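Descriptive analysis of the structure
One-letter residues, chain by chain:
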Amino acid sequence: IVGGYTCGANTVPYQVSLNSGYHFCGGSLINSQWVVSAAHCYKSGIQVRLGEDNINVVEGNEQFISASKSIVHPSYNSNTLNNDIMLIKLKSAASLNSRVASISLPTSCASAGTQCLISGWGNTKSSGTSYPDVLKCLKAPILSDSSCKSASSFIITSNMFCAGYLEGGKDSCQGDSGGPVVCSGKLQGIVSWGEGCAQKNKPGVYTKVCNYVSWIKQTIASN
Ligand SMILES: [Ca+2]
C-alpha cells in the first residue's frame, strides 16, 4: 500500500496473509473454512495466516492453517488477468473470534464514488522498495471505468473495476495482490493489477467480486 496508514492490530479481522515460506499475497476470509484471493497468486503449498498484524513477530492471535484445496476460476486468463479470482479451502476450520472474522459477499455491485477500504502488506513505495511488517490501510473511491481505461495499455474487462486516485500518490502495490477491497461492509474487490504503483493517470485495477457470487456459492457448497 502506497500512501496509506497503519491499520491498527486486528482492525481488519478478515484480512489473511498467504505464506509459502514468506508472505506473497493477501486474501479474505469469507467463512470459517474458505478464503478468497487472486488467481495470479496461485502457488503450491500455501499456508493461510489469520489474526496477523506484524507478520514477522508472533503476537499471540495468529492461526496458521494450510490449504487442503485451491480452486482457480475456470476462465482465468493469465495474459489479461480476466477472472483473477481463486478460492482456497482450509484443512481445518478457523476459530472465529474478535480478531478473526469473515467478511460478507455482495448482493449487488458498488457504484462510482463509493468509499472502500483496501489493505495489505505490500510495497509502500512507488519509486523504490520498502515492505512493511504491519498491516497498512487505504481509503479509496471506486472510479468510473473511463478513469482507468483512458491511459491503460492493457484490456480492462467488465469483470474489473477502477479504484484509487488519478493524481497518484495512493494505491495498492506488489504484495497487496489477492487482498480485500471492502465497501459498505461487503467484499467488492480483490487487489489484482496496475501499471506501476500510485502513478499519475494509472489507478489500480480490481477483480469485480459482485460478478462471481454465484460461482463462489456453488463451489463452496459442492466442495
Ligand atoms: Ca504475527
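Residues numbered from 1 in each chain as written, not as in the entry; some residues may be left out. Heavy atoms only, no water.

The name that the PDB entry assigns to the protein chain is Trypsin, with the source organism given as Bos taurus. In its Subunit section, the UniProt entry covering the protein chain states "Interacts with SERPINA1." According to its UniProt record, the protein chain has this under Subcellular location: "Secreted, Extracellular space". (UniProt positions renumbered as here; feature names shortened; annotations may be inferred.)

The calcium ion binds to the protein through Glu52 (OE), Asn54 (O), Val57 (O) and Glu62 (OE); the donor distances cover 2.4 to 2.5 Å. Of note, the donors binding the calcium ion are all from one chain and are spaced E-x1-N-x2-V-x4-E. (Donors = N, O, S within 2.8 Å, 3.2 Å for Na, K, Ca; no water.)

Examined at the domain level, the protein chain breaks down into domain 1 (1-12 + 103-210) and domain 2 (13-102 + 211-223). For domain 1 versus domain 2, the separation of C-alpha centres amounts to 18 Å. Contact with domain 1, which involves 38 residues of that partner, is made by 38 residues of domain 2. Taken over both partners, the interface formed by domain 1 and domain 2 buries close to 3000 Å², and the fraction arising from carbon and sulfur atoms is 55%. Taken as a group, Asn10, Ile103 and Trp121 account for 26% of the area that domain 1 buries against domain 2, more than any other trio of residues on that side. At the boundary of domain 1 with domain 2, the tally comes to 19 residue pairs in polar contact. Within the residue set of the side of domain 1 that touches domain 2, elements represented by two or more residues are β8 (115-120), β11 (180-183), β12 (186-193) and β13 (204-208). Looking at the side of domain 1 that touches domain 2, its residues break down into 20 nonpolar, 15 polar and three charged. (Domains from an automatic or database assignment. Contact = heavy atoms within 4.5 Å. Buried area = accessible area lost by both parts, 1.4 Å probe. Polar contact = N/O pair within 3.5 Å; in protein donor to acceptor, adjacent residues only side chain to side chain. Helix = DSSP H or I, 4+ residues; strand = E, 2+ residues; numbered from the N terminus. Nonpolar A, V, L, I, M, F, W, Y, C, P; charged D, E, K, R; others polar.)

Let us now look at the packing of aromatic side chains. Inspection of the entire model under this criterion finds two aromatic pairs. Taken together, a centroid distance of 5.9 Å and an interplanar angle of 75 degrees make the contact between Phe154 and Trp193 edge-to-face. In this pair, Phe154 is assigned in the loop between α1 (145-149) and β10 (160-163) and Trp193 in strand β12, connecting sequence segments 39 residues apart. Against the face of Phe24 rests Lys43, its NZ or CZ located 4.0 Å from the ring centre. The ring of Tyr165 has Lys170 sitting right over it, with the charged end atom 5.3 Å from the ring centre. (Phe/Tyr/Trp six-rings, centres within 6.5 Å; stacked < 30°, edge-to-face > 60°. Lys NZ or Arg CZ within 6 Å of the ring centre and 35° of its normal.)

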